[PDB]
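Enquirer: Sending over a structure as structure tokens; questions will come in a sec.
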Amino acid sequence: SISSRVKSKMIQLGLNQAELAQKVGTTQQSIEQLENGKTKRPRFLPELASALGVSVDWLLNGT
């Protein structure tokens, strides 16, 4: 699921939830919630896209 896609990229990159949430500028809770499969449109999607240097298209769709 989407949070996996996000995470596994960060992991390889070296980043984790804290660094992620910071760089995104979201709440730490929102990262867990992302990994709770809770929301397709999280309140930082474009911000996440910049955070992993991916597109919004890819984040939503995803290969």
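Enquirer: Name every residue in region 38-63 that is assigned to a loop (DSSP other than H, G, I, E, B) and of a type outside the set (A, V, I, L, M), in order of residue number.
Expert: Result: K38, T39, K40, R41, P42, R43, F44, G53, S55, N61, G62, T63.
Enquirer: Given the criteria aliphatic (A, V, I, L, M), loosely packed, with under 12 Cβ neighbours inside 10 Å and within 17 Å of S1 (Cβ to Cβ), does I31 qualify?
Expert: On the way: aliphatic (A, V, I, L, M): yes; loosely packed, with under 12 Cβ neighbours inside 10 Å: no; within 17 Å of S1 (Cβ to Cβ): yes.
No; evaluated as a whole, the condition is false for this residue.
Enquirer: Among residues belonging to region 1-37 that are assigned to a loop (DSSP other than H, G, I, E, B) and among the hydroxyl-bearing types (S, T, Y), point out the one that is nearest to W58 (Cα to Cα).
Expert: Across region 1-37, the extreme among qualifying residues is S1.
Enquirer: Restricting attention to region 31-38, does a residue exist that is basic (K, R) and free of Cβ contacts under 8 Å to residues at least 12 places away in the same chain? Talk me through it step by step, then tell me what you get.
Expert: Narrowing region 31-38 to residues basic (K, R): 38.
Next, from what is left, pick out any that are free of Cβ contacts under 8 Å to residues at least 12 places away in the same chain: 38.
The answer is yes, given that some residue of region 31-38 is basic (K, R) and free of Cβ contacts under 8 Å to residues at least 12 places away in the same chain.
Enquirer: Which residue is surrounded by the most Cβ atoms within 10 Å (Cβ to Cβ), if the candidates are limited to region 1-28 and must be charged (D, E, K, R) and without any contact (Cβ under 8 Å) to a residue 40 or more places away in the chain?
Expert: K7
Bear in mind these aren't lab numbers, they're just calculated from the coordinates by the rules spelled out. Cβ atoms come from the backbone with ideal geometry, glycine included; neighbour counts cover every protein chain shown.
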